[PDB]
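Structure 1 and structure 2 below are the same protein chain in two forms, each given by itself as structure tokens.
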Structure 1
């Protein structure tokens, strides 16, 4: 019921062509290797893929492993940052908090909250994947959050992104270092996202 929705997650921005088996094997292996499972065996029970909108719902064997799984928001799978979110009709169970107790080194969250230091990157070649765009930005250091915007129709980048660095103080060096860089046949725009936000 309510309990089943506390055992499901939306997984968006899934790569083209992924089977249910590959998604399951990836999550099961990574959760166990990552130490996120709380009992022996595989934590994922089921996977339902919608290839038309590039998302899956994952179903887990337990409520607490579902919550821990949210620490994989932004994990890279075949070059793409998976977006992990609660079901819209999730309601937390009494005596449970809805966010995880664990941080997985190297996972960069896809949630980029509005802030003084959040950046907008525009002008990206739209054939560069999430990891390839992250590798660009991380020439100024580790990212704290990042999302590349995709076109729900080409299965493809709309050519702009948002991010936030771990180090506050690199923000101006990043704009300075990237604003206007030529990239194949296009020049980069980089600025604080508050500047062109509708």
Structure 2
């Protein structure tokens, strides 16, 4: 959703205004060259004064990520604790893998079986030609435990299938 665009920042200075918070972060983002396009990343920032925390709202997912390098930064005597929201979890194509070099003959279930070995998948799609309808020789997938991704890359990449050499790498 939009949780990949918000950040929790705790241990905020007492009585700091929401605007002062915004100005500080947009400025840090600019001074570091961390923005992806022209204009300010931080759109808004809501403060829960008693609970001593604020949430930063960003315009983009990547900039939300980039700002995390500011964890611990000193601002008005307080060292800021920047964290992702609790409802947060990586977006659907976050660790999606590209698997090419597949023999044209294998079908979904067959291809999936070769991947499933390293663990259960959360998403998968084998590209088939519009008219023809058979495999185009490559597919995309993604495991549930996003940590098994690298283990799967190592094990599957380069593997010999038919007269083809498999190619596995993150699709992004």
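We call the rigid core the largest set of C-alpha positions that still match within 1.5 Å between the two forms. Only residues modelled in both forms are compared. Residue numbers count along the first chain shown, from 1.
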Item checked: Residue among 42, 48, 132, 62 whose Cα moves 2 Å or more between structure 1 and structure 2, once the rigid core is superposed -> 132
Notebook entry, point to check: Superposing on the rigid core, do we see a C-alpha displacement of 2 Å or more at residue 162 between structure 1 and structure 2?
Noted result: yes
Margin query: Could you check, with the core superposed, whether the Cα atom of residue 28 shifts 2 Å or more between structure 1 and structure 2?
Written below: no
Checklist line | Rigid-core frame, C-alpha of residue 178, shift of 2 angstroms or more between structure 1 and structure 2 | finding: yes
Next item on the list: May I ask for the C-alpha shift of residue 151 between structure 1 and structure 2, in Å, based on superposition of the rigid core?
Entry: 62.4
Note to self: Core superposed first, then measure: what is the displacement of the CA of residue 18 between structure 1 and structure 2, in Å?
What the structure shows: 0.4
Notebook entry, point to check: Taking the rigid core as reference, which runs of at least three consecutive residues show Cα movement of 2 Å or more between structure 1 and structure 2?
Noted result: 116-194
